[PDB]
Amino acid sequence: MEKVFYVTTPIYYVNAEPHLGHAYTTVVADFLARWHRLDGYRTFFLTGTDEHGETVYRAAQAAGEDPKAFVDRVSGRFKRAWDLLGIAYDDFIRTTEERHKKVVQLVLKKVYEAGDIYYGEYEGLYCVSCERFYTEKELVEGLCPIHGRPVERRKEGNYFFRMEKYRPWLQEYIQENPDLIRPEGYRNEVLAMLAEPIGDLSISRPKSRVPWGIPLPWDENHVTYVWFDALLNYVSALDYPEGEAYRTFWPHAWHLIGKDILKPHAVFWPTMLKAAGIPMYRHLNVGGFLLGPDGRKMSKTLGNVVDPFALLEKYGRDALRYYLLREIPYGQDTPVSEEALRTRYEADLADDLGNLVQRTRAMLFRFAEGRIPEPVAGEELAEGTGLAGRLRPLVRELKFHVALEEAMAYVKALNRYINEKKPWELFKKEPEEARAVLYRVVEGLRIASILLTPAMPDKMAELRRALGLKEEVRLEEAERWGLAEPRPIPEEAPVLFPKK
Ligand SMILES: [Zn+2]
């Protein structure tokens, strides 16, 4: 009905080792879900894993394992990583789930009965040890990328989807809906792909070739290959046809992806929705690469690999999240490093927030008898209550670094304030104007803490604790001045961001 928010992350290849890229996307998606939930939105945040295929199939066989047991296991790697990263999703869809198979075959049967699926031949370079086709680029020019041996021209029997049939509609749709593909740069990219034929989409492979996957409803000897399987997780987790979740959130779909999978989401996916009679999504929000310190693509060979779990282990979940959301402008290729995380940590977190909280707590005991002073007026500091209104569009328009930059500037402004008023210098003259200054610092800290909660849930809740404030919050509470209550602060509180 009213305010509704829905965000998804791609579903990751189940046998892929969770990395910085996976981590980044899921962290951003989570900031968005957390932000809107705080803003009174009915929210649905979905993530998951891509569990089918033959390469995954072979991997399970090597260890003498049943494919289903092997995926129940290696899919836990992403689940553990999201726990570690403090990701609060609403659902984790796995492509082996029955509710997923039912939607896949349901939509395939729809498109099939409409006449958009036909049987033909797929010829081309092929590897018999891989049992998979490749292109000039794919095969390491001259041989197989995985087996390192010459490829062989071959034809295979497959079922196709009349994708080219929907290009003119897609093209005009994106032209008419300029904000569909978010960072503009990627919109033009896509619009260029649509200027030229996109061809038809091969959607299956013989089960004798790929036994692991969802079978075609009209031909059980054929398995759904990639596209109509993984792509349908966005509607399948919502129980697509009759589920109320579908009626509720789909109209607001926000897909978060890396540019690496831009064609499947910006070209394939949309034609599929059209053909299935399912509304289009609202926004495709495309992220760029997180380059190594050298500013070059992260590659082991290159030696510029930044592990998010080592950084996480060393500086905490909240610190890694803030840096990621603060250091990178979504959509832009940006180099990451531990030293950059470190300096942001010591400065933004350890110094700007942690220290002011501890020195303000110390000054409370000394000059206000260890309790929040009676509420006063914010004066110069009152403008912080209009930040929630400034950050909303920034956030919704994918400007997380700028949003965090403005909230943290208010915090810098808070330090500036106390250091400028000098509450210790004020106690001698007027201890009232000494307490008023301190109350303005507390209230301002309360407000800023709410703003930073979606990026650092636990620590901001803890900060609230260290000052004796209401722990659980809402964004609206940050729009009114004077809500910090003059009660006693805890006699003891650890250091928010400990020295690393
Ligand atoms: Zn091969």
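Residues numbered from 1 in each chain as written, not as in the entry; some residues may be left out. Heavy atoms only, no water. Residues with missing side-chain atoms left out of burial classes, pairs and counts.

- As deposited, the entry is annotated with X-ray crystallography as its determination method and 2.2 Å as its resolution.

**As for the packing of aromatic side chains**
How two aromatic rings sit relative to each other is set out by the distance from centre to centre and by the angle between their planes.
Logical step 1: For the coordinates displayed, the defined rule picks out 27 aromatic pairs.
Logical step 2: Aromatic side chains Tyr159 and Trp218 sit 5.7 Å apart centroid to centroid with 80 degrees between the ring planes, which places their arrangement in the edge-to-face category. Taken together, the residues span a long stretch of sequence, with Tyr159 in strand 6 (residues 152-161) and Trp218 in the loop between strand 9 (215-216) and strand 10 (219-224) at a distance of 59 residues.
Logical step 3: Grouped by ring-pair contacts, the aromatic residues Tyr24, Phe31, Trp35, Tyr330 and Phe400 constitute a single cluster.
Logical step 4: The ring of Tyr225 carries the charged tip of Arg205 above its face, separated from the ring centre by 5.5 Å.
Logical step 5: Positioned over the ring face of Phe497 is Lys459, at 5.9 Å from the centre of the ring. (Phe/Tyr/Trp six-rings, centres within 6.5 Å; stacked < 30°, edge-to-face > 60°. Helix = DSSP H or I, 4+ residues; strand = E, 2+ residues; numbered from the N terminus. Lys NZ or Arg CZ within 6 Å of the ring centre and 35° of its normal.)

**Quick notes on the coordination of the zinc ion**
Logical step 1: Taken together, the protein ligands of the zinc ion are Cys127 (SG), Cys130 (SG), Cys144 (SG) and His147 (ND1), with distances of 2.1 to 2.6 Å.
Logical step 2: Classification of the site at the zinc ion rests on its four donor atoms, whose angles at the metal span 81 to 138 degrees, yielding the label irregular.
Logical step 3: Of note, the donors binding the zinc ion are all from one chain and are spaced C-x2-C-x13-C-x2-H. With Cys127 in strand 4 (residues 117-127) and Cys144 in the loop between strand 5 (132-133) and strand 6, this pair connects stretches of sequence that are 17 residues apart. An identical accessibility class is assigned to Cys127 and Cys144; each is buried. (Donors = N, O, S within 2.8 Å, 3.2 Å for Na, K, Ca; no water. Tetrahedral: all angles 85-135°; square planar, octahedral: opposite > 155°, others 65-115°. Buried < 20%, exposed > 50% of the residue type's maximum accessible area, 1.4 Å probe, protein only.)

**Digging into the domain arrangement of the chain**
Logical step 1: What the domain assignment reports for the chain is domain 1 (1-115 + 227-336), domain 2 (116-226) and domain 3 (337-500).
Logical step 2: The C-alpha centroid of domain 3 is placed 53 Å from the C-alpha centroid of domain 2. (Domains from an automatic or database assignment.)

**Observations concerning the sheet that holds strand 12 (residues 283-287)**
Logical step 1: Sheet architecture is open: five strands sit in the order 3-2-1-11-12, paired in parallel fashion. Each edge of the open sheet carries a strand with a single partner, namely strand 3 (91-94) and strand 12. This sheet shows a mean twist of 25 degrees between the axes of neighbouring strands, independent of strand direction.
Logical step 2: Relative to strand 3, strand 2 (residues 42-50) runs parallel, the two sharing four bridges. Looking at the pairing, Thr49 lines up with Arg94 of strand 3. (Pairing = 2+ DSSP bridges. Axes fitted to C-alpha atoms, helices over the stretch in contact; angles between N-to-C directions.)

**Regarding the environment of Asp239**
Logical step 1: One can find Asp239 in the loop between helix 9 (233-236) and helix 10 (244-249).
Logical step 2: A relative accessible area of 35% means that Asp239 is categorised as partly exposed.
Logical step 3: Separated by 139 residues in the primary sequence, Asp239 and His100 have C-alpha atoms spaced 8.2 Å apart.
Logical step 4: Excluding anything up to four places from it in sequence, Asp239 contacts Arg99 and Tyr246. (Contact = heavy atoms within 4.5 Å.)

**What about the pairing of strand 2?**
Logical step 1: Counting buried positions over the nine residues of strand 2 gives seven, a clear majority of the element.
Logical step 2: Across eight bridges, strand 1 (residues 4-13) lies against strand 2 in parallel orientation. Bridging from a neighbouring strand, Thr8 pairs with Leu46 of strand 2.
Logical step 3: For the handedness criterion, the β-α-β arrangement of strand 1, helix 1 (residues 20-38) and strand 2 is classed as right-handed. (Right-handed = clockwise from strand over helix to strand, strands pointing away.)

**Considerations on the nonpolar core**
Logical step 1: Of all hydrophobic cores here, the largest spans 95 residues; its most connected members are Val7, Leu353 and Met456.
Logical step 2: The leading source of residues in this core is helix 18 (residues 432-452), at twelve residues.
Logical step 3: Shared between two domains, this core holds at least three residues of each, these being domain 1 (1-115 + 227-336) and domain 3 (337-500).
Logical step 4: Once residues within four sequence positions are removed from consideration, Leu353 is found in contact with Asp348, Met408, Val411, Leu445, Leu452, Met460, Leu463 and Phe497. (Core = buried A, V, L, I, M, F, W, Y, C linked by side-chain atoms within 4.5 Å.)

**What about the pattern of salt bridges?**
Logical step 1: Taken as a whole, this structure holds 38 salt bridges when the rule is applied.
Logical step 2: Note that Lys109 and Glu113 form a salt bridge whose closest N and O atoms lie 3.2 Å from each other. Note that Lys109 and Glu113 are positioned in helix 5 (residues 98-114) at a spacing of four residues, about one turn of the helix.
Logical step 3: For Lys109, a relative accessible area of 44% gives the class partly exposed.
Logical step 4: Notably, a salt bridge pairs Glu476 with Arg474, separated by 2.4 Å at the nearest N-O pair.
Logical step 5: Here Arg474 falls in the partly exposed class, since its relative accessible area comes to 34%.
Logical step 6: Taken together, the shared-partner salt bridges connect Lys470, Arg474, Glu476, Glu477 and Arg480 into one network. (Salt bridge = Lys/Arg side-chain N within 4 Å of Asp/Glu carboxyl O.)

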